[PDB]
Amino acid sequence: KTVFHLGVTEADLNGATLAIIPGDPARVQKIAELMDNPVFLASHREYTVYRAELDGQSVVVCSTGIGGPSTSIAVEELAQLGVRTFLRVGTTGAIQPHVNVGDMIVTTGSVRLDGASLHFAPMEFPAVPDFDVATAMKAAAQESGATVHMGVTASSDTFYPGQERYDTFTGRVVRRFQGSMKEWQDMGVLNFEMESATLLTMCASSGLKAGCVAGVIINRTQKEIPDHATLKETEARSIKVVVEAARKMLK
């Protein structure tokens, strides 16, 4: 039946139980076109939905928009339509000097600097991926030839103060986040992004399998600008990797 936001039915999905969920609606077609018979299903707000086939099995590709709230809607509605496995892909910036542009990160757990995760489980609950998904993502990332980092991701409800950026309109960062970047660095946290805490917490507490993989396209600690070719290659590699991770998850 037609879910509230996504504008698709269970029949539209052709039995798909796995979704690849990028943030950017414009990335959906690109991911779908790496698979067989890509088909456009719907586009509403930040949700662009395609179906495709991978080794003869139906897979959904659905954008999430930025942030846990829009992500939580996409995940819930896809689950209502029979999806059980969710593969998050994106590109990210690193906060460790040893992590290079072109490297890939597979999240083993997220720092819950969001609000939506608390709508599924109290803060004590760990924002952790399904072990099978994380294993598949590591395997796919490594098999691509990239240097892969397994570790903790800080997942923030903001791009600016929650990631301790001072180059802003006010130049102010609330007490909670003052000195926070150095704290996460010292604790070995690899990167910031904005959706994994919500995704991982929601899925781990709701009987759904989820994981996160990302290509590194910038490093907060490095002054040097990466060249255009490296950015293109990394974005291309990240989606090739998520599709092969999906291959490894299919039964």
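Residues carry their position along the shown sequence, with the first being 1. Between two forms, the rigid core is the largest collection of C-alphas that superpose within 1.5 Å.
Once the rigid core is used to overlay the structures in 8 other deposited structures of this protein, the stretch among 214 to 222 and 66 to 74 whose CA atoms lie farther from this form is 214 to 222. RMS Cα deviation from the shown model in 8 other deposited structures of this protein, rigid core fit, is larger for 87 to 95 than for the other stretch of the pair 128 to 136 / 87 to 95. Coordinates for residue 240 are present in every one of the other compared entries of this protein that model residues on both sides of it, well short of the third needed to count it as often missing. Where the other entries of this protein model the residues before and after it, residue 10 is kept in all of them rather than dropped from a third.
Comparing the deposited coordinates for 110 to 118 and 136 to 144, the stretch with the larger average C-alpha B-factor is 136 to 144. For the two regions 19 to 27 and 229 to 237, the entry's Cα B-factors average higher over 229 to 237. Out of 213, 52, 208, 200, it is 52 whose C-alpha atom has the highest B-factor in the PDB entry. Of the residues listed, 101, 181, 154, 173, the entry assigns the biggest Cα temperature factor to 101. Per-chain ranking of the deposited C-alpha B factor places residue 68 in the lowest third.
Residue 80 sits in the middle third of its chain by CA B factor, as recorded in the PDB entry.
Remark: residue 194 belongs to the lowest third of its chain, ranked by C-alpha B-factor as recorded. Annotation for residue 92: CA B-factor lies in the highest third of the chain's modelled residues. Sorting the modelled residues of the chain by their CA temperature factor places residue 61 in the middle third.
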